[PDB]
Amino acid sequence: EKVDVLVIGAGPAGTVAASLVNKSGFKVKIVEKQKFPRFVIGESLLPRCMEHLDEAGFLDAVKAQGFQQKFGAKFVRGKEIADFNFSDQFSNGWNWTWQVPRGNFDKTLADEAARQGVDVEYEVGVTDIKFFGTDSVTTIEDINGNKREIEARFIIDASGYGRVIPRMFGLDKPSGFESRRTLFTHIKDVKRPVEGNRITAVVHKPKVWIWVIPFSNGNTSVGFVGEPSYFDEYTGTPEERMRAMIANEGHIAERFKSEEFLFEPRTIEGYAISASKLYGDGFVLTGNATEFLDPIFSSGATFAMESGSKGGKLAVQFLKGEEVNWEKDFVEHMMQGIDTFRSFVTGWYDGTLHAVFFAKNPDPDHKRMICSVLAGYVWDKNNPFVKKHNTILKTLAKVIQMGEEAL
Ligand SMILES: Cc1cc2nc3c(=O)[nH]c(=O)nc-3n(C[C@H](O)[C@H](O)[C@H](O)COP(=O)(O)OP(=O)(O)OC[C@H]3O[C@@H](n4cnc5c(N)ncnc54)[C@H](O)[C@@H]3O)c2cc1C
């Protein structure tokens with residue numbers, strides 16, 4: 001009923017945010033609305049998150065789980081292949097990370113946090129927040145419908161898709177990206193190749209792509225993402241449709257034909273969304289309670305940990321009575337990273353990026369710089385592709401074509 005920081009959500013955002021707060025002696029609580037383990041989408045991590053996993057002391061717990069290691073991202077268009085190796089990049093920093101079922105991953109983290117001294121309470125869903133200056137009174141509901149209040153010096157809203165605070169005080173801002181649909185499931189990957197240390201993204205149609213994410217449990221997450229009109233071209237049950245879409249892609253058709261699905265395929269549409277501000281008196285937003293761009297380059301959970309870390313470190317500065325420039329130490333920081341992936345998303349969809357990816361004799365320096373963007377090092381200002389992100393793709397692609405005509 002009385003705490004320094006109330007963390008809403010036991011996802012990677014709130015677990016990382018919580019650990020860092022606890023690490024500095026304060027009293028911090030996570031209320032998690034679901035029972036863990038609990039399914040959520042967003043399974044392919046980036047090397048950059050290893051930084052926060054390391055700082056929060058989660059690395060050992062995660063390693064013990066034996067998740068599938070990830071050494072890069074592979075892009076397929078027909079038979080054209082562009083393999084990015086995280087071991088060859090412009091930036092210093094981590095060169096490898098994990099593909100993880102989020103149920104098990106997010107429980108590993110939460111459970112480590114609790115152990116660390118964080119008190120984690122499950123099956124208790126926020127329902128109302130009332131602010132008095134920077135102090136707050138939060139009401140939770142347990143599984144039995146009974147309500148109780150929590151008093152805090154600060155709320156870190158790590159509610160992800162719940163968008164707890166953004167919805168309570170109307171902080172939702174349309175994204176700018178146009179609506180897209182997704183269909184996905186896990187597949188028992190009996191016919192998996194003997195490679196494996198990659199996420200693979202498949203250029204299926206002009207504006208449709210697919211993700212193939214290998215886990216260490218025998219299964220493989222597969223998801224179609226793209227233009228909604230495309231999905232309407234298939235008729236039938238989620239499973240029928242899903243098996244139909246796979247059958248229409250040469251790169252995976254035979255591999256997944258007839259293989260078992262761990263669960264009926266799920267849809268997510270209009271997943272792009274932003275916030276009018278990322279913080280206010282008594283709170284900061286994190287992860288998906290901030291802004292989600294697009295799944296292409298698998299960054300969501302890394303942004304959630306990055307923002308959870310930053311908001312965590314900053315909320316400690318607040319509690320200590322230090323001056324905090326949220327605009328500069330938080331917002332500007334999240335947007336630098338978020339604006340970088342934005343440019344690469346746009347370029348994924350507008351044709352420019354593909355031209356770079358599938359250029360014959362791609363420059364190996366450009367490749368490296370691009371590779372550090374894919375690894376999450378989108379704060380490295382020395383990396384021209386970070387420096388010039390809203391320009392370089394369109395610019396590079398023109399230069400490529402100029403090269404094509406010459407010959
Ligand atoms: C199709 C698709 C594919 C994606 N692929 C990837 C990917 O390969 N890699 C990647 O990094 N990201 C991916 N993402 C993004 C990703 O899913 C998120 O970035 C990630 O889950 C966000 O972490 P989070 O901690 O911010 O929120 P969440 O992971 O959603 O967790 C928030 C927690 O808050 C809890 N909660 C919600 N409401 C309340 C409440 N009222 N009270 C208490 N608790 C509450 C929830 O139960 C939840 O546990 C993908 C997204 C989509 C749509």
Side-chain angles (χ1 to χ4, degrees), residues 6-18 29-49 52 70 73 97-103 105-107 109-110 120-129 138-142 150 155-168 177 180-185 199-201 209-213 215 221-226 265-273 285-309 311 338 341 374 376:
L6 177 73
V7 177
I8 313 173
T15 43
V16 164
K29 178 198 199 203
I30 304 184
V31 291
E32 165 58 55
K33 175 180 201 144
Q34 297 202 258
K35 181 95 182 254
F36 278 9
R38 143 227 99 187
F39 178 94
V40 76
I41 196 72
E43 305 161 321
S44 185
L45 279 32
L46 301 187
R48 167 76 173 195
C49 81
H52 315 304
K70 185 194 165 171
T97 185
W98 293 291
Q99 318 274 28
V100 307
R102 293 275 307 273
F105 180 72
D106 299 343
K107 184 169 172 299
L109 270 53
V120 186
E121 187 178 359
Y122 299 101
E123 304 196 83
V124 145
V126 158
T127 200
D128 196 41
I129 313 173
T138 296
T139 300
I140 58 196
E141 193 166 282
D142 55 41
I150 289 161
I155 293 176
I156 292 164
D157 170 353
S159 69
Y161 291 91
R163 321 264 314 164
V164 161
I165 291 189
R167 276 162 176 179
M168 185 157 293
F177 286 127
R180 300 176 182 107
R181 185 181 302 172
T182 187
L183 221 220
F184 60 79
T185 185
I199 174 173
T200 315
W209 61 276
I210 122 137
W211 90 65
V212 178
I213 303 172
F215 302 140
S221 181
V222 176
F224 283 75
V225 183
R266 317 171 75 262
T267 299
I268 301 174
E269 199 182 2
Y271 49 64
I273 178 63
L285 317 171
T286 67
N288 276 33
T290 286
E291 157 161 46
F292 187 63
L293 295 152
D294 204 81
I296 339 123
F297 307 113
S298 291
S299 63
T302 294
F303 283 110
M305 287 175 270
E306 178 89 27
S307 62
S309 168
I338 290 256
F341 274 95
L374 303 170

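Numbering of ligands and ligand atoms starts at 1, following listing order. We count residues from 1, following the sequence as given. What's counted below: heavy atoms across the whole structure, side chains too, no hydrogens, waters or symmetry copies.
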Counting heavy atoms only, name the option from [options] that's nearest to [atom].
| atom | options | value |
| --- | --- | --- |
| atom 24 (P) of ligand 1 | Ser44, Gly9, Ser298, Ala304 | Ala304 |
| atom 21 (O) of ligand 1 | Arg102, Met305, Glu32, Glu123 | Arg102 |
| atom 11 (O) of ligand 1 | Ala110, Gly42, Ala301 | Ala301 |
| atom 48 (C) of ligand 1 | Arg38, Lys33, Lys35 | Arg38 |

Need the ligand 1 atom indices (1-based, order shown) with element for anything under 4.0 Å from a heavy-atom of [X].
| X | answer |
| --- | --- |
| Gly300 | 10 (C), 11 (O), 12 (N), 15 (C), 19 (O) |
| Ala13 | 25 (O), 26 (O) |
| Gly287 | 26 (O) |
| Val164 | 38 (N), 39 (C), 40 (C), 41 (N) |
| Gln34 | 47 (O) |
| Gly125 | 42 (N), 43 (C) |
| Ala158 | 32 (C), 33 (C), 34 (O) |
| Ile8 | 42 (N), 43 (C), 44 (N) |

Donor-acceptor pair, side chain of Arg167 and main chain of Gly162, under 3.5 angstrom: yes
Test item: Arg102 side-chain N/O and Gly42 main-chain N/O as donor-acceptor pair under 3.5 Å: yes
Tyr161 and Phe292 aromatic ring geometry - parallel, tilted or perpendicular at 30°/60° bounds: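 Taking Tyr161 first and then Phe292, their aromatic rings sit tilted (interplane angle of 30° to 60°).
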Plane angle bin for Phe184 and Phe39 - parallel if under 30°, tilted between 30 and 60°, otherwise perpendicular: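 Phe39 and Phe184: parallel rings.
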Exercise: do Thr127 and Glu141 side chains pair donor with acceptor under 3.5 Å: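 No.
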Within-shell test, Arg163 vs ligand 1, heavy atom, strictly < 4.0 Å: no
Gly223 touching ligand 1 at heavy-atom level, < 4.0 angstrom: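 The answer is no, since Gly223 has no heavy atom less than 4.0 Å from ligand 1.
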Residue part near ligand 1, for [X], under 4.0 Å between non-hydrogen atoms:
| X | result |
| --- | --- |
| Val126 | both |
| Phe292 | side chain |
| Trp211 | side chain |
| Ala289 | neither |
| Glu43 | backbone |

Residue and atom name of the nearest protein heavy atom (relative to atom 28 (P) of ligand 1), distance in Å to one decimal: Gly160 CA, 3.9 Å
